[PDB]
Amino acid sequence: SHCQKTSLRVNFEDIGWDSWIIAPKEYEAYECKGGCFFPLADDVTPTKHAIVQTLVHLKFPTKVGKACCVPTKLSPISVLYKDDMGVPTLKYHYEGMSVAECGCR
């Protein structure tokens, strides 16, 4: 109904990253989906500008766009990548790959 985290399995070969990512083949990135219209939920954690823009968009829908459900906190994953030498190397904390929290911004 509103801004929330939903599932999103990403295949690295489909996005053209299999050339430098050996493993894993796929991973769970999640995504943020849902509207930011009023009334909001108790755990949306919206900013005051997101609230203002939503109100302005309600009054002028053709001139001002809506606020967006977006990742507000990200989590790392581990990836096995080949470096310039070409040897499998483990990046233990490859930051910013998975959604931890969603929100209206």
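When you see a residue number, it is the position in the sequence shown, counting from 1. Think of the rigid core as the biggest set of C-alphas that the two forms share within 1.5 Å after superposition.
Averaged over structures and residues, the CA distance from the shown form in 5 other deposited structures of this protein after a core fit is larger for 40 to 48, of the two stretches 67 to 75 and 40 to 48. The stretch with the higher mean CA B factor, choosing between 69 to 77 and 42 to 50, is 42 to 50. When the two stretches 86 to 94 and 8 to 16 are set side by side, the higher mean Cα temperature factor goes to 86 to 94. Of the candidates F60, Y27, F37, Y30, it is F37 whose Cα B-factor is highest according to the PDB record.
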